[PDB]
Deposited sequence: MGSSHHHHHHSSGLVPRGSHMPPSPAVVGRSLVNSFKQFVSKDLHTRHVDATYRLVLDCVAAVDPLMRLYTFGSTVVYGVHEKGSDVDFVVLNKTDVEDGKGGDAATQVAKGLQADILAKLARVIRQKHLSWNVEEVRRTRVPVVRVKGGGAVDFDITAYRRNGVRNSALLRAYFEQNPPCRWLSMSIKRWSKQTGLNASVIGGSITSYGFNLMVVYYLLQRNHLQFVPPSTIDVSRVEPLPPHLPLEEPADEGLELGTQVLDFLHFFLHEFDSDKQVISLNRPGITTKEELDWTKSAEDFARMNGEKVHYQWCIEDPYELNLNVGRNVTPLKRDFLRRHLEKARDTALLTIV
């Protein structure tokens, strides 16, 4: 039964190597974007914006927007087939230009998903996704960024979890995973919110017309107490999601302070039968409400099996210090 101090020491010891550049990539992509249309604008989001630092082994998330798209700072994103058609068409042209200017890059066009996207991979340190005509990503990324700016050190915690989620197979980037890194960020912020270590921020206050396309960098300071606070936070987090959060009644949400119940959202078993996403079906075993999308559960792919798995890994994590001992 390790103490918080031992867990902390292990974690800080595990990050020593990392504690020792996007402009060029941004310009490179902007060149192609301009080649398609000089009036289109390029915006950055993802972990680069949420943390304010770029982690080795992480991609970059880009979106293309028009003037009218930016001016409608608080509008929603449509879910119709027509919108996916326009998005697919412009992304096709852009992909064409990209392949023309870089022959060694691999450019994939992704279809049969809720959000069309172009995925670009290149040898070494070049990996990014590109979307079009959507604001929700930039918005929730800005929200998370603000939350973490309230309390910078907490970033460490989040980082750890993310890494852990990819080492255990929980992250949707691995065969068998069910929850994306975005969902884990939502969980971390929710936990921090219930413990009154942060103050609530209404999602409707974020304005896309007032954000930087490439926000500045945020320095990361190593812990000075050798990791005591970090270990305490990790253990308390695991305890909270093991014995305090009731997955049969409650919903992880940043839309409200306090508790949100499944009943008031009609996320019940009667609802599972009628629901049908992308032709598949949605689950309400591990519920994560999205702050901007309409009636979307971010844990829609968590089956009872993946639920059990999640519980088991949460239990094992407290003794191995997130697989560091």
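Of the deposited sequence, the ranges 1 to 21, 42 to 47, 353 have no C-alpha coordinates according to the record.
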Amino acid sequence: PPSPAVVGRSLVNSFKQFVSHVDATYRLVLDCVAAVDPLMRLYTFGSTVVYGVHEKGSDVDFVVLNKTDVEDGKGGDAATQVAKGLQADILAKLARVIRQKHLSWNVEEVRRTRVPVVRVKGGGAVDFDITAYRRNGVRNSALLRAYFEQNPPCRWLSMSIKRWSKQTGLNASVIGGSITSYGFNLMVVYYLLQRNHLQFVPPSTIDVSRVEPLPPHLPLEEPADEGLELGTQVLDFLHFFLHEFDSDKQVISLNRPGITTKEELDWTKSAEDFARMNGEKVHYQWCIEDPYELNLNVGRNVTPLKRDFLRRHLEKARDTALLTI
From here on, numbers count along this sequence of modelled residues.
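Rigid core: the largest C-alpha set superposing within 1.5 Å between the two forms.
Larger average C-alpha displacement in 7 other deposited structures of this protein, relative to the shown form after a rigid core fit, is seen for 104 to 112 when comparing 104 to 112 with 212 to 220. With every structure aligned by its rigid core, 117 to 125 is the stretch of 117 to 125 and 242 to 250 whose CA positions lie farther away in 7 other deposited structures of this protein.
Relative to its counterpart among 99 to 107 and 79 to 87, 99 to 107 has the higher mean temperature factor, C-alpha atoms as listed in the PDB entry. As the entry records it, the average C-alpha temperature factor is higher for 224 to 232, out of 161 to 169 and 224 to 232. In the deposited coordinates, the residue among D61, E293, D69, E55 with the greatest CA B-factor is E55. Highest C-alpha temperature factor among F45, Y51, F274, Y284 per the entry: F274.
Sort the chain's modelled residues by C-alpha temperature factor and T260 lands in the middle third, per the entry.
For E212, the recorded CA temperature factor ranks within the middle third of the chain's modelled residues. Remark: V12 belongs to the highest third of its chain, ranked by C-alpha B-factor as recorded.
Split the chain's modelled residues into thirds by C-alpha temperature factor. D129 is in the lowest one. When the modelled residues of the chain are ordered by their C-alpha B factor, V115 lands in the lowest third.
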